[PDB]
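Novice: So that we are looking at the same thing, I have put the structure below in structure tokens.
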Amino acid sequence: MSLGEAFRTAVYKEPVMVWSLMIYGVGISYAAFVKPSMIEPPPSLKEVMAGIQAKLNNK
Amino acid sequence: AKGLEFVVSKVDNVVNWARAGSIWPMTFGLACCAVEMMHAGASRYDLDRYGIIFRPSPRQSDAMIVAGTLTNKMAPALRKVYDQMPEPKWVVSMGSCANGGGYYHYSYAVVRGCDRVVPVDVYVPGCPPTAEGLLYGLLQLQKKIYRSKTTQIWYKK
Amino acid sequence: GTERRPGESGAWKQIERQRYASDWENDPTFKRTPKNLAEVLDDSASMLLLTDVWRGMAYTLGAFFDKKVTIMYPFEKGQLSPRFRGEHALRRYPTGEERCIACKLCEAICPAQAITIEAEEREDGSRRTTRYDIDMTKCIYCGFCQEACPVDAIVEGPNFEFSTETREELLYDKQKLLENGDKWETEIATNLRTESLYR
Amino acid sequence: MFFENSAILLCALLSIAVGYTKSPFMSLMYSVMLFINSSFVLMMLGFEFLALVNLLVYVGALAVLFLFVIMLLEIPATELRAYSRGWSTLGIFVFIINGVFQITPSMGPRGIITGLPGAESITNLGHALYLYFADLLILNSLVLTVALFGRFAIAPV
Amino acid sequence: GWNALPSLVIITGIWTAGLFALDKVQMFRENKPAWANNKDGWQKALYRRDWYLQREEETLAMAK
Amino acid sequence: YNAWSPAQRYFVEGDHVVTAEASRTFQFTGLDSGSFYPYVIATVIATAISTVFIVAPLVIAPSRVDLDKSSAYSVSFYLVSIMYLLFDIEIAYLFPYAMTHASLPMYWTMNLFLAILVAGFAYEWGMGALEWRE
Amino acid sequence: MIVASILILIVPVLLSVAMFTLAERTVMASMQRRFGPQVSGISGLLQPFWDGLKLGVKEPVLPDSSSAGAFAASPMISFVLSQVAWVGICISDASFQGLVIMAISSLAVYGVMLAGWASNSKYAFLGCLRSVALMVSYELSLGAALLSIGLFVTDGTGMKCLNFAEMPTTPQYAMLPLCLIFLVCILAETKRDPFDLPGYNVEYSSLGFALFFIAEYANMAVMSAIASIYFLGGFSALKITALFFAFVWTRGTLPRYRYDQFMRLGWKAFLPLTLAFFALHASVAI
Amino acid sequence: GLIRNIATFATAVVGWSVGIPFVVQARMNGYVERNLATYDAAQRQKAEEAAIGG
Amino acid sequence: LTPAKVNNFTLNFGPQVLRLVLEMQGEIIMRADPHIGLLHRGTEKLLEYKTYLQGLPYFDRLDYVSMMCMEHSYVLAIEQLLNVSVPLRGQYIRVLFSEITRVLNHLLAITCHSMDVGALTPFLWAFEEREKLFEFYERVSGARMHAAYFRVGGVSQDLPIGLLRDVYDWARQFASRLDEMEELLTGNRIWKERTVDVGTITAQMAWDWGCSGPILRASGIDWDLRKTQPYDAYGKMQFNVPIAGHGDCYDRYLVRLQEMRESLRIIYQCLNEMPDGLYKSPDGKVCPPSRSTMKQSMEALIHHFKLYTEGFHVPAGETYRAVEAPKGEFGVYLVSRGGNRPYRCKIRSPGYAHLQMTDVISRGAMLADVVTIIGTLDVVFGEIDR
Ligand code: SF4
Ligand code: SF4
Ligand code: SF4
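Protein chains in written order, with the UniProt record's numbering: chain F, 1 to 41, 50 to 67; chain L, 8 to 164; chain S, 33 to 231; chain Y, 1 to 157; chain H, 2 to 65; chain X, 132 to 204, 219 to 279; chain R, 1 to 198, 205 to 292; chain C, 2 to 55; chain P, 76 to 91, 98 to 467.
Shown next as structure tokens:
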């Protein structure tokens, strides 16, 4: 049988474990590949506070 | 002194109020009268409306209602459970089988009335009595409890 | 639904059988296997997210906002019929004389042996009872006494709230039975005016 | 600081009491109390997280299994020489030498130390666990697996 | 359910009264509506320094 | 607790402060942040309440002596309790990781821990150890 | 002051537990086409009070063949744990307050076990263990759910903690399966349907029985407050009452499971799901 | 003796809590005295070293 | 011949009226030894001192859940030896009220089984319709449970006018009540997992174990006494037979529900076919006459005197008759010597036979399922202990 038949029979005979493993796989995949692609990309105290003021004052 | 007596009387009133309105019996599914008893706690009559809860143990049981015939083989067990009832306790006799034997009064293995084994406070007649009659009998039990005056007795002891 | 599933069987022999034999598949009463992504999602929605508890929950909740059948005894009573067999009672004639003539049919027919009768001729020559006792703690309220009596003397009255604190109060004598009959005569006569078309 | 020092002293008292009594249930109860009070006193050292870890683990997990094993394996054998055979004098004498007068203490030549409250950082603890002792964390994982597999292989069937 | 509705309202009212009373009592005790905030050793140090400074001010208050 | 050194009192000298600390009021915003102190007093109060409720029915209830009134009317547990032990220890291991801003290699090591955990757990699953027929 | 605050917390707990059992009775009646307690006081607004006073005046009976000290203390211990849990709910500032309450709830298992060994009842001996094993098994999943919750609990200073006042004032729409599994675990923790198979206090009586029920319903309310704080985005009376209403709703509509059945369910469906969700939340929150 | 057990337990607890501190403080007194003697001996040693070392 | 030696396991399951002693090697039941007789009232010997009419109320309290069915078997056993034909209208009334009684027995049984399992709502819900049918009983016999309505040659009284109206009105919504009853357990995974594949019974064992009623039907067995050995007007009635093939508690549950459906169908058919005519057999020498007839005729007065004192004399002989009881097959063996009292009256109870299956069925099960076994067995100790 192909992937489809075995997956169907397994999920019918045991859906919870397949759900758990699929969620784990999605998390692992997002950590490994998805995240480092689209979301991954000495000043003194006065500069930091000035930047904080600039960010806060407009909002 | 009169004020202390008045306080004693009011406390007795409150004690009777509490004990009457929260009587928890124990279930002896002996015979016919239990079905009337089961229907008495049902939606139409709502024994629970009158502060009545059936408990699995004698230890929380307040009084005993005998719903069904009592045999000689069952009498020691009934005395066992009643002797497990804590004080203050009462007994309610429902059904002629429980009353005096009734339709098995001349049998060889039937205890002619549960009176012969345990004391009884309320005798409810009928074979079977109406669930309405059981309501009336338990209300009369409440009336008997109302007339009780324990701390009044104890203060004059 | 009434369908069955693998793993939902509550045993070990059957569970061990179905996880190691496809015998349940041959059974048509078992829900058939999902065949596509849609059916798999339907099965997942069936198992997870409940969706079976939800229906009974909703029906019970509708019952919460629903009406009730509860009655407020003693300020409300139930429904009963004239044929009701309650407290035994002794009836008289409208002039005032006892209906019972001590034919002892009631005692003869009573399978409870709860009726004790003694009688002799009255000073006027009338055949009247000297002792008329019925053991209510022994009476089974069958009404066979009411069936046997040919003068409508003994009747089971519409009184059913007559519980006593002591058992001795239920040892009914002639006097208390006559008192009960004089009390409840009108209701019993009215019921007989209906029951006569059947009895 | 009377009560804090009293709680500190209670630890060794309970420790001796654990072996002192003959009822296994009493010993386990003493151990549970000792664990709780130990965690509470260590809380005075500023370890909120570690105290809860110790509490959770030992009370919820280990003591429960202790009581279960005892309850499935111990008919009362207290009179079975547990009171009639007594205790070895050499053991208590050695224990006195070791712990009452403590000829060989932990500090050795030092006789006084200052106890000072700490500052538990779960952030620093995590940094250490997963950056400085990650290898030991994996070794602990292997040890947990050893325990699980050995237990399930030593099953009495 | 009209019979249970009184109990339903009473439970909510009881919890409301209890929470309001506890709010008032703890506000009187702590004198700021943030005492439940998470605090590290830094905030603890600031709080204890401030308390000791208030005590020092009282000590120097009874000197003029 | 009461301070015993001026360094602990931030080098503030005087007698007023010592007595003030001696009879201070408890305040989370005062000197006892994260103190856990109300737990003990709650324990005392609950002990008192429970003891009183135990004692009271022995006072306001009649007593009668009866002989018969003084009478009462597996490894799956082993498996479950020992598994609970190990898994709770593992949860305690996991807890600090959830309380930090961990990094990617830290994440991978955590996943390694979880992988070993689930490996043992799944081995127990596949061998019939989670089927509680016994 | 602190003692007074403890008592001010205590009073609504007892009063409301009385009201909870009364309203559970009455709502069960409403869902059963009956009225329920209505004679004992105005609309039956006095039933639990008289019940408590009645069990107070009822005679406490002690077996002569066991250790009565544990028999007395076990309901006492459970009541103490309930009071301590309430104090930690309302009168605490611990950094791991949720973990504190979890560890507290882990302790309530003993009272059932203490009672089970105490009395000389074989079926108590068995049911105590059954209930113990159920709650113990579900405790791991509850801790895993808290682990998942702790992955986003941050204060303004930037430190990750378990403080209740720093929990977001919004519901967590992104953990609905986690919320559902946590709610079912809460249902399991209180011996309620569909986990009311185990009672353990069968040989108990009087105010001991009253304290057992007090501890049970207080733990139920504690878990309700925990759930409201965690998933419902705050702590309020409305949410407590709604959760209790839903719990009565579930009790009045479902039958209970078998022992090994909910054992299998918890050990093969709930804990692995919580583990996977915890891993996913940790991965995304990075 | 349930109440007897309670009495014995409480008596043991109180006696322990009042007696152990005395022994602890006796240990502290002995150690302080010994360290004072040690420091005096070391001071005398340093004095002798200064005398015979020029 | 047998010592005790190894005590080891010991159990006591309930003085409170079933006493059960079980044997487990742990969590799984290996032996189960019920002890009965706590309700043995010795009625069979008591019957010998009563006339046939006197002993009739004894049969009310043998199965106080289902009464008229208990009356019917004894009445038929009397009549067959008496060679008495029953009028058509009486047969209609008997069959209809028997169906109502069967409905009551099924309702109470299923509700008690649910409460033992853990469902409390259907209990309360179905007791309302049970109260309705109790009102029906009281209207026709003046007694809620112990009617003593069935008589040798007919019934005591005719139906009061206006009864069938309310019967039809009740039937107009009993289906809705049953439907709302099903949704609480039918589509539930919990109810099934509690009930599915618990206490499996085969056809061969069942016929070896003497099963009757719904338990027999759930084993793939085609059997109804109302269709194989019909009595009274049951042959005219057209209705279906539910059939299951697992011998499961869930299967028995569904079988009982479908039996209730078929009972409702028979109730409708009886309602729309009620005939006009005599309700008692015209033999006054066995059947009592009318009170009006008694009070104006010497012969009827004499017969009322004799029957109500001595009763009719059954010819010497023997017979056994059974009735398709809601709990199975209820039969009574009658031994006649020729007098006005039955010489020997043996009573056969289906629950007593079903109760004998506990030890073999409870093997391999769990303590959570013993209560399931008892509840699905549908046993009343009144008939079990006579
Ligand atoms: S009094 Fe009558 S109805 Fe009640 S249990 Fe006895 S025989 Fe049955
Ligand atoms: S009551 Fe009627 S039947 Fe009985 S003795 Fe009197 S007249 Fe005869
Ligand atoms: S009603 Fe029945 S038991 Fe009562 S007196 Fe009449 S015949 Fe006897």
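Just so it is clear, CB atoms sit at the ideal spot from N, CA and C, and this is done for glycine as well.
Between the segment 251 to 274 of chain P and chain S, which residues of the former have a C-beta closer than 7 angstroms to a C-beta of the latter?
Specialist: Listed in sequence order: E261, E264, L265, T267, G268, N269, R270, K273 and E274.
Novice: Exposed or buried, what is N83/P when buried is set at 16 or more other beta-carbons lying within 10 Å of its beta-carbon?
Specialist: By the neighbour-count rule (16 or more Cβ atoms within 10 Å), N83/P is not buried but exposed.
Novice: Mind checking the segment 227 to 241 of chain X against chain H and listing, in chain order, the residues whose C-beta falls within less than 7 angstroms of any C-beta there?
Specialist: Here the close residues number zero.
Novice: Sort out for me which residues DSSP pairs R232/P with in a bridge.
Specialist: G235/P.
Novice: Going by alpha carbons, who is nearest to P34/H out of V132/R, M28/R, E166/R and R262/R?
Specialist: The candidate whose alpha carbon is nearest that of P34/H is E166/R.
Novice: Could you run through the segment 174 to 195 of chain R and flag, in chain order, every residue whose CB is less than 9 angstroms away from some CB of chain X?
Specialist: Residues: none.
Novice: Please confirm whether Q55/H has its beta-carbon closer than 8 angstroms to some beta-carbon of chain R.
Specialist: With 8 angstroms as the cut-off, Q55/H does not count as an interface residue toward chain R.
Novice: Would you mind reading off the limits of the beta strand (DSSP E) that contains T148/S?
Specialist: Counting along the chain, the beta strand (DSSP E) containing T148/S begins and ends at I147 to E153.
Novice: Taking CB distances under 8 angstroms as the criterion, tell me whether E40/S reaches chain P.
Specialist: Closer than 8 angstroms: yes.
Novice: Candidates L55/R, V11/R, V136/R and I6/R: which alpha carbon is nearest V59/Y's?
Specialist: The shortest Cα separation from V59/Y among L55/R, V11/R, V136/R and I6/R belongs to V136/R.
Novice: Return the chain-ordered list of same chain residues with a C-beta closer than 8 angstroms to the C-beta of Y263/R, the five sequence neighbours on each side being excluded.
Specialist: Only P194, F195, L197 and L271 meet the Cβ criterion.
Novice: If you check the beta carbons only, do residue 16/S and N269/P fall under 8 angstroms apart?
Specialist: The shown model of chain S, from 33 to 231, leaves out residue 16/S, and the question about it has no answer.
Novice: Is it buried or exposed, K80/P, if we count other Cβ atoms within 10 angstroms and call 16 or more buried?
Specialist: Classification for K80/P: exposed.
Novice: Can you list, in chain order, the residues of its chain whose CB lies under 7 angstroms from that of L188/P, leaving out five sequence neighbours each side?
Specialist: Hits under 7 angstroms: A207, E210 and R211.
Novice: With a threshold of 8 angstroms on Cβ separation, who are the neighbours of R124/S within its own chain once the five nearest residues in sequence on each side are excluded?
Specialist: These residues qualify, in order along the chain: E130, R131, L210, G213, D214 and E217.
Novice: Could you pull out every residue in the same chain whose Cβ sits closer than 7 angstroms to the Cβ of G412/P, ignoring the five residues on either side in sequence?
Specialist: Excluding residues within five positions, the ones whose Cβ falls inside 7 angstroms are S154, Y401, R402, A403 and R429.
Novice: Any heavy atom of ligand 1 closer than 7 angstroms to the Cβ of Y334/P?
Specialist: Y334/P: no, Cβ never under 7 angstroms from ligand 1.
Novice: Please report the Cβ distance between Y53/H and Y223/X, rounded to the nearest whole angstrom; I am assuming they are in contact, meaning their Cβ atoms lie under 8 angstroms.
Specialist: Rounded, the Cβ-Cβ distance is 56 angstroms, inconsistent with contact.
Novice: Find the nearest neighbour of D114/P within the set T457/P, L345/P, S443/P and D450/P, judged by alpha-carbon distance.
Specialist: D114/P has its Cα closest to that of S443/P, out of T457/P, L345/P, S443/P and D450/P.
Novice: Distance check for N6/C and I185/X, CA to CA, integer angstroms please.
Specialist: Approximately 18 angstroms between the Cα atoms of the pair.
Novice: Determine which residues of the segment 37 to 63 of chain L have a Cβ less than 7 angstroms from any Cβ of chain P, and write them out in chain order.
Specialist: Those residues of the segment 37 to 63 of chain L that come within reach of chain P (Cβ to Cβ, closer than 7 angstroms) are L37, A38, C39, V42, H46, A49, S50 and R51.
Novice: If we count the other Cβ atoms within 10 Å of its Cβ and call it buried at 16 or more, is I91/R buried or exposed?
Specialist: Classification for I91/R: buried.
Novice: Would you say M113/R faces chain Y, with C-beta separation under 8 angstroms as the test?
Specialist: At least one chain Y Cβ lies under 8 angstroms of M113/R.
Novice: May I ask you to list, following chain order, the residues of the segment 269 to 285 of chain R that have a beta carbon less than 8 angstroms from some beta carbon of chain F?
Specialist: Of all residues in the segment 269 to 285 of chain R, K274, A275, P278, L279, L281, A282, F283 and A285 have a Cβ within less than 8 angstroms of some Cβ in chain F.
Novice: Taking 8 angstroms as the threshold (C-beta atoms), are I347/P and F320/P in contact?
Specialist: Against a cut-off of 8 angstroms, the Cβ pair of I347/P and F320/P comes out as a contact.
Novice: Here's the rule I'm using: 16 or more other beta-carbon atoms within 10 Å means buried, otherwise exposed. How should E193/S be labelled?
Specialist: Classification of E193/S: buried, given that the 10 Å Cβ count is 16 or more.
Novice: Measuring only between beta-carbons, confirm whether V80/R sits less than 8 angstroms from chain Y.
Specialist: Not an interface residue.
Novice: Determine, for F96/R, whether the minimum Cβ-Cβ distance to residues of chain Y falls below 8 angstroms.
Specialist: Answer yes: the Cβ-Cβ gap between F96/R and chain Y drops below 8 angstroms somewhere.
Novice: Alpha carbons only, please: which of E391/P, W272/P, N421/P and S344/P is nearest the one belonging to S195/P?
Specialist: That would be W272/P, whose Cα lies nearest to the Cα of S195/P.
Novice: For the beta strand (DSSP E) holding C426/P, just list the boundary residues, first then last.
Specialist: Note, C426/P: beta strand (DSSP E), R425 to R429.
Novice: List, in chain order, every chain R residue whose beta-carbon is nearer than 8 angstroms to that of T83/S.
Specialist: By Cβ distance, chain R contributes nothing, its closest Cβ being about 12 angstroms from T83/S, past 8 angstroms.
Novice: Which residues share a DSSP beta bridge with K109/S?
Specialist: Paired residues: none, contrary to the question.
Novice: From the DSSP output, in three-state form, read off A252/P for me.
Specialist: Residue state, collapsed to three classes: helix.
Novice: Between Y130/P and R422/P, what straight-line distance do the alpha-carbon atoms span, to the nearest angstrom?
Specialist: Roughly 7 angstroms between the two C-alpha positions.
Novice: Relative to the alpha-carbon of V109/R, which residue among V157/Y, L67/Y, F2/Y and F40/Y has its alpha-carbon at the smallest distance?
Specialist: Cα-wise, what sits closest to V109/R is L67/Y.
Novice: I need the straight-line Cα distance from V263/X to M228/X, nearest angstrom please.
Specialist: Taking the straight line from one Cα to the other gives about 12 angstroms.
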